[PDB]
2 protein chains.
Amino acid sequence: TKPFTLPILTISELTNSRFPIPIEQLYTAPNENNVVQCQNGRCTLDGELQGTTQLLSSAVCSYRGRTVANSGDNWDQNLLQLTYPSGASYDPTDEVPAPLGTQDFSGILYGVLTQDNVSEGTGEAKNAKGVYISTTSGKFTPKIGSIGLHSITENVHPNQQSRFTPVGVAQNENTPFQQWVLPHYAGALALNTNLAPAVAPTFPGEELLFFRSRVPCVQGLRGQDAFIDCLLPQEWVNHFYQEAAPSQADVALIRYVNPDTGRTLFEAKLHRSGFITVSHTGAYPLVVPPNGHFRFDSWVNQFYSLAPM
Amino acid sequence: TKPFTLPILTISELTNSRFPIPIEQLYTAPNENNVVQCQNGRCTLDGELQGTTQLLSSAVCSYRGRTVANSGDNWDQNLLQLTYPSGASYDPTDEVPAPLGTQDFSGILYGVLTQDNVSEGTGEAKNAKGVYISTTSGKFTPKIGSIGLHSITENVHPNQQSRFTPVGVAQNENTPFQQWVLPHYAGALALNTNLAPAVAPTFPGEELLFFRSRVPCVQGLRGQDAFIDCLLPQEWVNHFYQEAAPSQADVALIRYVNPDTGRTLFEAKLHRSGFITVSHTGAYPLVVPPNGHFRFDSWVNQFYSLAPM
Ligand SMILES: CC(=O)N[C@@H]1[C@@H](O[C@@H]2O[C@H](CO)[C@H](O)[C@H](O)[C@H]2O)[C@H](O)[C@@H](CO)O[C@H]1O
Ligand SMILES: CC(=O)N[C@@H]1[C@@H](O[C@@H]2O[C@H](CO)[C@H](O)[C@H](O)[C@H]2O)[C@H](O)[C@@H](CO)O[C@H]1O
């Protein structure tokens with residue numbers, strides 16, 4: 001029986017699985033009114049990807065395809081007809097919520113669209129177009145292979161093979177950034193399907209543990225932080241995918257250890273469906289040294305009583 | 001002895017180690033007049049990182065730090081005083097060519113700077129600043145902790161903590177994109193230090209094998225492709241770092257296999273210093289199916305004669 005293991009990576013060596021930026025801290029908080037059902041960064045401990053999860057951070061919130069002129073519309077001057085990583089048209093009949101890597105938060109995603117290369121004399125960054133991809137637009141239908149592009153800088157050309165590089169999120173007067181409200185992958189008034197399940201603590205006194213990053217915000221949230229919290233960093237997802245070690249129990253007891261002091265700082269429950277719970281009450285950014293990392297201890301059932309963190 | 005292994009990943013499941021985009025193809029070519037001495041994606045087979053190589057794709061050609069006003073006189077309206085992943089000031093005395101993740105190509109890197117969040121009414125993408133980072137500028141001195149920022153869109157504010165997200169490259173009338181000319185990390189008229197060694201084929205009939213991507217080009221190279229070629233994908237670098245398996249000979253013989261036909265398509269020599277050679281003459285994008293991957297076969301010496309590819 002292949003042993004289950006975790007990669008040995010400090011917090012600064014981990015990538016957010018919901019946006020291509022490094023993890024900054026571990027963070028716990030109650031679920032109060034949030035449905036915790038993110039679709040990127042979903043993977044069982046025995047290596048089964050779930051939701052819209054794939055292996056490349058460079059594909060998370062990244063899009064590519066052909067631009068289609070959309071005249072008669074205030075917001076999206078063009079659409080993007082999405083293609084697979086190598087030009088193949090996306091099949092909406094796959095049993096997934098949306099193309100793998102699709103943004104799994106509600107609101108505005110900001111990035112740069114690039115298109116056919118232009119001559120040097122055309123101008124500086126003339127093939128770079130700042131665009132908003134808003135999930136509240138009626139044109140946000142990634143499940144059927146089309147999203148709406150709202151150009152901000154540098155008019156976008158139709159009928160050109162284009163790539164979208166994500167930079168951050170945005171919040172304008174009527175579109176709040178809501179990381180735990182899934183977007184309508186199939187368009188307005190349509191409900192989401194084939195979703196990775198929502199997660200929540202089920203043992204008394206426990207809370208979810210998140211890998212937390214601050215995403216750049218190009219509009220709004222003055223004096224505030226745009227947080228993106230994932231259940232698993234990308235490197236854990238990829239490690240479980242590679243190893244495919246069979247799960248021997250409901251929970252993998254993991255201990256957070258400091259390697260040069262040799263002491264365990266706290267412990268947590270890594271559930272077989274791919275998320276972590278800790279014994280704590282309240283919103284709390286975890287105070288841990290920069291060289292610490294989780295270590296797989298043993299297989300326990302879901303009724304294991306953690307030491308309070 | 002811990003066995004040496006490669007990760008089981010297809011071409012579309014690999015990331016360029018020199019720019020945060022996926023690998024598109026394998027590509028071999030003679031060195032003719034290029035010095036092949038890239039500094040990102042450099043790692044020995046037993047897990048020794050070299051050059052400017054670190055583990056995160058989100059750190060390659062990404063920068064962060066404090067903006068500094070620069071009036072007088074050239075290209076760069078502001079400088080970026082570089083800081084570590086968590087705000088620590090960069091130490092120029094470290095035995096490395098430049099901060100880890102620093103671009104290792106000559107020319108113009110394009111991306112978006114983000115700064116202190118602004119209110120919603122400030123405007124769309126107002127906290128998004130399109131900038132050129134040119135290595136031919138006298139302000140390109142990342143080895144001493146500072147680079148020059150040429151603003152294209154959205155004036156950059158001084159004295160703000162800022163993050164630069166890379167998007168692509170650019171080529172203007174006098175700054176060609178040269179992926180095999182290392183930039184002057186320490187400024188104009190200064191030579192580079194602490195470099196990972198240059199690589200070249202040393203056996204008759206052999207050429208380097210590259211992992212190739214097309215990087216977005218926001219100015220110039222009309223009708224052309226801005227290729228970035230790396231010696232190792234990021235996933236191999238991180239795998240070797242995790243495993244740290246001892247190298248038993250000068251060369252790891254590796255075979256490219258198709259897993260659903262069972263056939264071996266070609267073989268190659270993976271040298272212990274972390275680069276691949278193949279038996280081929282001429283520039284050639286390798287014609288291989290999308291499901292193929294490299295498999296470690298055996299340890300051989302540097303004089304192993306490969307089957308012609
Ligand atoms: C900031 C604001 O309130 N803008 C209003 C527009 O709202 C945008 O609508 C598009 C869809 O067309 C997206 O949903 C985007 O996220 C929204 O911010 C609205 O379309 C127009 C209607 O006249 O009014 C603007 O004020
Ligand atoms: C396109 C062009 O010819 N530009 C010239 C400027 O060259 C730039 O110089 C900066 C450093 O100052 C960078 O090296 C950049 O990559 C260059 O393109 C040059 O500075 C000015 C002199 O006035 O002339 C421009 O024509």
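Worth knowing before you read on, the calculation uses all heavy atoms, side chains too, and leaves out hydrogens, waters and symmetry mates. Per chain, numbering begins at 1; letters A, B, ... match sequence-line order. Just so you know, ligand 1 is whichever comes first in the structure, and atom 1 is the first atom listed for that ligand.
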Can you check whether [X] has an N/O within less than 3.5 Å of an N/O in ligand 1?
| X | result |
| --- | --- |
| A/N174 | yes |
| A/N172 | yes |
| A/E173 | no |
| A/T175 | no |

What protein heavy atom sits nearest atom 12 (O) of ligand 2, and how far away is it? B/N74 ND2, 3.1 Å

Starting from atom 11 (C) of ligand 1, which protein heavy atom do you reach first, and at what distance in Å? A/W75 CB, 3.8 Å

My question is simple, although I want it checked carefully: is [atom] less than 4.0 angstrom from any protein heavy atom?
| atom | result |
| --- | --- |
| atom 14 (O) of ligand 2 | yes |
| atom 21 (C) of ligand 1 | yes |
| atom 4 (N) of ligand 2 | yes |
| atom 1 (C) of ligand 2 | yes |
| atom 26 (O) of ligand 1 | no |
| atom 7 (O) of ligand 1 | yes |

For residues [X] and [Y], is any side-chain donor paired with an opposing acceptor at under 3.5 Å?
| X | Y | value |
| --- | --- | --- |
| A/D229 | A/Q179 | yes |
| B/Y63 | B/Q103 | yes |
| A/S137 | A/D76 | yes |
| B/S162 | B/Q115 | yes |

Are the side chains of B/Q54 and B/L56 in contact, using a 4.5 Å heavy-atom criterion? yes

A/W180 ring center within less than 6.0 Å of A/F210 ring center: yes

Please check if the side chain of [X] supplies one atom and the backbone of [Y] the other of a donor-acceptor pair under 3.5 Å.
| X | Y | value |
| --- | --- | --- |
| B/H150 | B/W75 | yes |
| B/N31 | B/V199 | yes |
| B/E120 | A/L221 | yes |
| A/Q37 | A/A196 | yes |

Show the atoms of ligand 1 that are less than 4.0 angstrom away from any heavy atom in [X].
| X | answer |
| --- | --- |
| A/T136 | 13 (C), 14 (O), 16 (O) |
| A/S134 | 13 (C), 14 (O), 15 (C), 16 (O) |
| A/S137 | 14 (O) |

